[PDB]
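Asker: sequence first, structure after, both from an experimental entry:
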Amino acid sequence: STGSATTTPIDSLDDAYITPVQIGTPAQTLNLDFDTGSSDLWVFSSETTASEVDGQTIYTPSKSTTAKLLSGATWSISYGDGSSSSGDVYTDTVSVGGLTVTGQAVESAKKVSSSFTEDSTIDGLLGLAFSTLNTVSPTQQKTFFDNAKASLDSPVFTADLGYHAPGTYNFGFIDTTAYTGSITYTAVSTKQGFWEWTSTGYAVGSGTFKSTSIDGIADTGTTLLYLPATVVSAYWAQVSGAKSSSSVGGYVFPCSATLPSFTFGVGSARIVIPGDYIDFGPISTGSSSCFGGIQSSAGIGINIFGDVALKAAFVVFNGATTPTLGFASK
């Protein structure tokens with residue numbers, strides 16, 4: 001079997017992508033953030049503390065004829081930006097884009113942190129990293145990908161993220177109409193539980209390609225592209241009004257500038273991010289300063305190929321017993 005779902009940016013800046021998921025019988029449709037950097041499917045629910053719920057849509061397990069409580073199981077997660085949630089665990093039927101898995105662990109939030117409450121467009125998260133990162137205790141639960149792999153026509157999913165526009169997540173097949181050229185595959189290390197790979201180098205604008213290993217993760221759930229400080233310094237040295245701003249927390253530039261492209265290597269292949277993709281947008285409505293889409297990973301401790309990189313490519317997550325990552329231009 002296969003599935004296909006449209007994913008849409010939550011705002012005009014492409015801060016995050018949401019994809020509708022059907023939970024339960026009859027189906028309750030929630031808009032989840034598909035996150036390749038974690039492995040929990042968690043949702044706002046009838047169990048979430050009422051003063052921490054805004055205008056999110058909630059899962060009510062009691063209204064689902066297929067929900068079963070997972071007795072004694074709890075979970076607890078914090079993310080790279082400090083946000084957090086915790087709760088207990090049901091199994092239920094979960095469908096994305098026509099692809100149905102039964103007995104999927106659906107983690108019911110009893111509490112969420114303030115950033116979650118404030119973001120009305122995100123109803124929860126669907127984690128797509130390796131199931132080693134799942135936070136359910138005492139026994140970890142498999143991700144929607146892992147539970148699906150048995151019935152998938154091929155053990156794969158693709159990310160096709162749009163620049164200011166909807167895109168697609170597909171499970172179980174590769175849509176050859178959706179990119180140009182051929183896909184280049186590169187090895188994944190699962191040692192840390194991420195889609196972790198090694199980029200072969202990079203170039204700024206029309207200058208030279210520098211072969212230097214960049215170990216990074218491909219993360220649909222991070223907005224920006226975070227690279228080592230000396231790589232990021234080399235890009236913005238090509239932008240005359242760009243500086244590092246302590247107050248705003250990164251590289252900013254006049255919204256006026258035309259930014260150079262950035263190229264990253266995947267084996268022998270090159271993926272080119274258009275300069276416009278790296279123009280995040282004004283630091284405030286009406287400002288003449290804009291925020292950069294390429295920032296230092298020095299403070300995070302890991303390089304992150306986030307949405308700014310991924311949306312310039314067609315991305316194949318190959319979840320075979322030895323997994324790989326494929327990149328094609330589109």
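Answerer: Thanks, I have the structure now. Residues are numbered from 1 along each chain as shown.
Asker: for burial, what's the neighbour tally of residue 268?
Answerer: Counted with other Cβ atoms under 10 Å, residues neighbouring residue 268 total 7. All C-beta atoms are positioned from the backbone trio N, CA, C, and that covers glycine.
Asker: next one: residue 77
Answerer: Residue 77 has 21 neighbouring residues, counting by other Cβ under 10 Å.
Asker: name the nearest residue to it, ignoring sequence neighbours.
Answerer: With sequence-adjacent residues excluded and distances taken as Cβ to Cβ, 6 or more residues apart in numbering, residue 77 is closest to residue 135, at 4.7 Å.
Asker: ok so that neighbour is a strand residue?
Answerer: No. Applying DSSP: H, G, I helix; E, B strand; the rest coil, one finds residue 135 to be coil, outside a strand.
Asker: how about the residue nearest to residue 99 when sequence neighbours are not counted, what does it touch?
Answerer: Spatially, and ignoring its direct neighbours in sequence, residue 99 is nearest to residue 3 (2.8 Å; Cβ to Cβ, 6+ apart). Under the criterion of Cβ atoms under 8 Å, 6 or more residues apart in numbering, the neighbours of residue 3 are 95-99, 170-172.
Asker: how about a cut-off of 10 Å?
Answerer: With contact set as Cβ atoms under 10 Å, 6 or more residues apart in numbering, residue 3 has these partners: 95-101, 144, 148, 152, 157, 169-173.
Asker: same deal with residue 26?
Answerer: Residue 26 is in contact with 63-66, counting by Cβ under 10 Å, 6+ apart.
Asker: can you pick the most crowded of these?
Answerer: With neighbours taken as other Cβ under 10 Å, the top of these is residue 64, carrying 19 neighbours.
Asker: any idea how far residue 308 is from it?
Answerer: Per Cβ to Cβ, to the nearest Å, residue 64 is found 37 Å from residue 308.
Asker: partners of the residue nearest to residue 99 in the sheet?
Answerer: Judged by DSSP bridges, the bridge partners of residue 3 are residue 171.
Asker: quick check on residue 277: phi, psi?
Answerer: phi -70, psi -20 (degrees, to the nearest 10).
Asker: just confirm it contacts residue 271, I think it does.
Answerer: No. Look at residue 277 against residue 271 with Cβ atoms under 10 Å: they stay out of range, at 11.1 Å.
Asker: joint contacts of those two?
Answerer: In contact with both residue 277 and residue 271: 262, 309, 312, using Cβ under 10 Å, 6+ apart.
Asker: for the last one, what are its contacts?
Answerer: When contacts are counted by Cβ under 10 Å, 6+ apart, residue 312 touches 161, 163, 225, 261-264, 271-274, 277-278, 327, 329-330.
Asker: which one of those is nearest residue 46?
Answerer: residue 161 (31.6 Å; Cβ to Cβ).
Asker: care to break this structure down by domain?
Answerer: Domain ranges of the chain: 5-174, 175-330, per curated CATH domains.
Asker: ends of the shortest one, what's the gap?
Answerer: Going back to what we said before, that points to domain 175-330. Domain 175-330 has an end-to-end distance of 12 Å (Cα to Cα, to the nearest Å).
Asker: so where does residue 276 fall, helix or strand?
Answerer: Assessed by DSSP states H and E, residue 276 sits inside helix 275-278.
Asker: sheet-wise, list the partners of the helix or strand following that helix with their directions.
Answerer: Moving toward the C-terminus from helix 275-278, the next helix or strand (DSSP H and E) is strand 279-282. Applying DSSP bridges to the sheet, strand 279-282 is found paired with strand 289-292 (antiparallel).
Asker: elements contacting the next helix or strand after the partner strand?
Answerer: Following strand 289-292 in sequence order, the next helix or strand is strand 294-296 (DSSP H and E). On a contact count with 3 or more Cβ pairs under 10 Å, 6 or more residues apart in numbering; DSSP states H and E, strand 294-296 meets strand 225-227, helix 229-236, strand 250-254, helix 307-310.
Asker: make a markdown table from the ones you listed and add mean neighbour count and distance to residue 210 to it.
Answerer: Converted to a markdown table, those look like this (neighbours: other Cβ atoms under 10 Å; distance: least, Cβ to Cβ, whole Å):
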| stretch | mean neighbour count | distance to residue 210 |
| --- | --- | --- |
| strand 225-227 | 26 | 12 |
| helix 229-236 | 18 | 8 |
| strand 250-254 | 20 | 19 |
| helix 307-310 | 26 | 17 |
